[PDB]
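Asks: Sequential numbering from 2 applies to the sequence shown in the deposited numbering.
For each residue, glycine too, the CB sits at the ideal point set by N, CA and C.
Shown below is the structure under consideration.
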Amino acid sequence: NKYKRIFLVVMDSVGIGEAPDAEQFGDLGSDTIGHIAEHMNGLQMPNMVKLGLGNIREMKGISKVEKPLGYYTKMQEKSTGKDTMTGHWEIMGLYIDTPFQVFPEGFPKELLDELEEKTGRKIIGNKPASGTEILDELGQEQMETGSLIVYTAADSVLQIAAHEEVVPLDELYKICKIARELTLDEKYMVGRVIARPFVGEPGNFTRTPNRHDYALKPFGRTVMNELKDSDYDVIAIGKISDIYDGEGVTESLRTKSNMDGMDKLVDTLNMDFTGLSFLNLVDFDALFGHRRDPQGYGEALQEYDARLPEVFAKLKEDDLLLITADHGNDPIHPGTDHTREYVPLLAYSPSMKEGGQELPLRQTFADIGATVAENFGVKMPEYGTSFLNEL
Ligand SMILES: O=P(O)(O)OC[C@H]1O[C@H](O)[C@H](O)[C@@H]1O
Ligand SMILES: [Mn+2]
Ligand SMILES: [Mn+2]
Ligand SMILES: [Mn+2]
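Take a look at the structure:
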């Protein structure tokens, strides 16, 4: 192998400006990092800068450097959707024609009707809501009627809440599996179905650790699958395992925050493995992008950047670090949905003694998967062009 270990970091939703097809999605004007940099009166990200972030695009406080640490460019998304699953599945070598849907007005009557008809239960709620706020509003009614609280969030999810002493866990799990089947339908294509059991009484409800997530398998065998099948390590950190429904994953490390994600990254740097370590930093999307909070987003980016010098110190000559994003989620943009954006790509190894250069723009996110696959000598994905030889 050219590289023994590849550390792939997805800064979730950290887009670098509207994609050529942004208008189709109502994303004209969108610029995640650029709008954040403006809000912050200059983003402090000196380590991303040293890697060549400003060389991709200059933004407030983010300037180009004469000798970037590694190679740099941006990537264009080819798949129809702008969601996390689409982005990650494309990164690992797929092409996804069918987008996952978001439901700001709640779910279609048709879907809920069929869910009722299959389960023998009434559905209440049917709206975007915080999980905790909807229990306060409708938890008592749920308890008294044996109905199901169905709700959504800013991303492609269908969540079913039911009290554990009213609807038995196994019944809630069966109901969610039915929901999972019904939502494999392009009329209402949902990324995840999530069981949200809760306990307690009105004014004091608690969601339990019995939460279960029902994900779809990626629409194809990914580069992770091929790595796993050739006896390589695939270490998934954070939401990664869930995003791929465990496909091609050899070890999974749960994280609770971006900082904890960077701690697990460092943990993997300390591991003797050959293969891929794959981190998702999800806070950017989950806490700041959808909530349209440029200040919190800006601060999180600065907190993330400050962690990088330790990563740089631990990388070996035969390690490659790849930093990218899966889509945009501009926190100063109308509505609550992702934004169709280019994503940055930074590729760094300490073996790059003279620093890096600009790469041709990646025409699909799958160029990452192709690069990883060529590196480890496994079956090349159907889509994507490797940049391994450019490094
Ligand atoms: O905590 P809740 O409001 O029920 O759900 C919000 C999000 O929490 C989970 O990560 C899913 O991504 C949901 O979109
Ligand atoms: Mn938009
Ligand atoms: Mn994402
Ligand atoms: Mn999201």
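#1: Rounded to whole angstroms, how far is the Cβ of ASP286 from the Cβ of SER14, which I believe are closer than 8 Å?
#2: What are the start and end residues of the beta strand (DSSP E) that includes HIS164?
#3: With a cut-off of 8 Å, do at least 3 Cβ pairs link the segment 53-69 to the segment 87-105?
#4: In the DSSP assignment, find the unbroken beta strand (DSSP E) run with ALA326 in it and report its ends.
#5: Out of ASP327, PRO210 and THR372, which one is the CA nearest neighbour of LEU321?
#6: Can you grab the Cα-Cα spacing for the pair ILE179 / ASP246, in whole Å?
#7: Which whole runs of the beta strand (DSSP E) in the segment 160-219 are 3 residues long or more, in chain order?
#8: Please report the Cβ distance between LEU44 and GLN303, rounded to the nearest whole angstrom; I am assuming they are in contact, meaning their Cβ atoms lie under 8 Å.
#9: Are the beta-carbon atoms of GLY329 and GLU318 separated by less than 7 Å?
#10: Comparing the CB of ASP28 with every heavy atom of ligand 2, is any distance shorter than 6 Å?
#11: Quick one: what does DSSP say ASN127 is sitting in, helix, strand or coil?
#12: Here's the rule I'm using: 16 or more other beta-carbon atoms within 10 Å means buried, otherwise exposed. How should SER80 be labelled?
#13: Here's a check: name, in chain order, each residue in its chain whose Cβ is nearer than 6 Å to the Cβ of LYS3, leaving out the five neighbours to either side.
#14: What number of angstroms, rounded off, separates the C-alpha of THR337 from the C-alpha of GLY290?
#15: Is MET76 near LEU346, with beta carbons less than 7 Å apart?
#16: Any heavy atom of ligand 3 closer than 6 Å to the beta-carbon of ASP22?
#17: Just tell me which of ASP84, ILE7, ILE125 and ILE97 has its CA closest to the CA of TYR384.
#18: Kindly indicate the opening and closing residues of the beta strand (DSSP E) around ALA237.
#19: Give the C-beta separation of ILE17 and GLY299 to the nearest angstrom, bearing in mind that I take them to be a contact with Cβ-Cβ under 8 Å.
#20: Compute every distance between the C-beta of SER258 and the non-hydrogen atoms of ligand 3, then say whether any falls below 6 Å.
#21: For the alpha helix (DSSP H) holding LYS315, just list the boundary residues, first then last.
#22: From this set, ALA23, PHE206, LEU362 and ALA155, which residue's C-alpha is nearest residue 428's C-alpha?
#23: Expressed to the nearest angstrom, what Euclidean distance is found between the alpha-carbon atoms of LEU254 and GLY132?
#24: Taking only the alpha-carbon atoms, compute the straight-line gap between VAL224 and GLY204 and give it to the nearest angstrom.
#25: From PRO219, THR269 and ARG222, pick the residue whose C-alpha is nearest to that of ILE238; which is it?
#26: List in chain order: all unbroken beta strand (DSSP E) runs of 3+ residues lying wholly within the segment 12-91.
#27: Measuring alpha carbon to alpha carbon, tell me which residue in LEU170, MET144 and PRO100 is nearest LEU185.
#28: Kindly identify the DSSP beta-bridge partner or partners of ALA155.
Replies: So, from the listed chains and residues:
#1: 4 Å
#2: 158-164
#3: no
#4: Neither: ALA326 is in no beta strand (DSSP E) and is coded neither H nor E.
#5: The residue with the shortest Cα to Cα distance from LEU321 is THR372.
#6: 18 Å
#7: 193-202, 205-208 and 213-216
#8: Indeed they touch by this definition, with Cβ atoms about 7 Å apart.
#9: no
#10: yes
#11: strand
#12: buried
#13: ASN376
#14: 8 Å
#15: yes
#16: Result no, Cβ not under 6 Å from ligand 3.
#17: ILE97
#18: That run of the beta strand (DSSP E) goes 234-238.
#19: At roughly 15 Å, the Cβ-Cβ gap does not stay under 8 Å, so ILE17 and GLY299 are not in contact.
#20: Checking every heavy atom of ligand 3 against the Cβ of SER258, none is found closer than 6 Å.
#21: 295-315
#22: What the structure shows of the chain is the stretch from 2 to 392, and residue 428 is not part of that stretch, so it cannot be assessed.
#23: 25 Å
#24: 48 Å
#25: Of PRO219, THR269 and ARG222, the residue nearest in Cα terms is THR269.
#26: Every beta strand (DSSP E) of 3 residues or more that sits fully in the segment 12-91 is shown, in chain order, as 72-76.
#27: Of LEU170, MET144 and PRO100, the residue nearest in Cα terms is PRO100.
#28: DSSP lists no partner for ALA155.
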